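In the block that follows, a single chain appears as structure tokens, in the form deposited without its partner chain.
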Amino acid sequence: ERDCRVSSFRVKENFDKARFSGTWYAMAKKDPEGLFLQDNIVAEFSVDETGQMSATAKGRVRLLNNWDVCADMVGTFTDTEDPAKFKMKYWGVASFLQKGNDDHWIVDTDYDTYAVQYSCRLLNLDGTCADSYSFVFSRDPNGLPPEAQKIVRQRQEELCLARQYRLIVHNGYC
């Protein structure tokens, strides 16, 4: 019954880059295919005088055969016609870290408590996502208050992802 076409997904009305700036702690994630950030994930968002949003991110990644490594990433966002939908060019401060360019949607936020992010890297032929990821962020590293949690759960369901998240631990690995 639920519409899981990516083109159907609502995102944050009148998204405000300035209000979104600062530190966001990843509390949960739905993983894409392939190498991804593992845990201890913290993002720092900024916006400059011209209005270009950028970010940095720290987090543990496990390069295969179980090598751990605190990845240190940089992201720059290109605006689209939708104020909450961006193209994110990203890379690591080290050359060998993953680079690429992902859709970056702010699905919902209240700016001072929670944010829900979404990226579809590849569509299915029916308009659903073949390869997605999603972060839930909190301003407080100790987690969301119940009212925000309940909103986030609704957004998770709307993205057709609600069963597919895992919690992210923060234990000082970085």
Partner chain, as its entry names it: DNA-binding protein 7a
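Residues that one form lacks are left out of the comparison. Numbering follows the first chain given and starts at 1. For clarity, a rigid core is taken as the largest C-alpha set superposing within 1.5 Å between two forms.
Although it is not shown, the form solved in complex with its partner chain is what the next lines describe.
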query	finding
Options 107-115, 120-128, 140-148, 62-70; stretch whose heavy atom lies within 4.5 Å of its partner chain in the entry with it bound	62-70
Single option in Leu35, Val47, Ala28, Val42 placed near its partner chain in the entry with it bound, where near means a heavy atom within 4.5 Å	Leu35
4.5 Å heavy atom contact, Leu97 and its partner chain in the entry with it bound	yes
Exercise: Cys4 in contact with its partner chain in the entry with it bound, heavy atom 4.5 Å	no
Residues from 148-174 in contact with its partner chain (non-hydrogen atom within 4.5 Å) in the entry with it bound	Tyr173, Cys174
Large Cα shift (2 Å or above) at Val74 between the shown form and the other one, core-fitted	no
Residue shift check between the shown form and the other one, rigid core fit, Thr50 Cα at least 2 Å	no
C-alpha of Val93 off by 2 Å or more between the shown form and the other one on rigid core	no
Cα-Cα shift for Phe96 and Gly59, closer or farther in the entry with it bound, minimum 3 Å	closer
Direction of Cα pair change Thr56-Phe96 in the entry with it bound, magnitude 3 angstroms or more	closer
Runs in sequence order between the shown form and the other one, three or more residues long, with CA shifts of 2 Å or more on the rigid core	63-67, 94-97
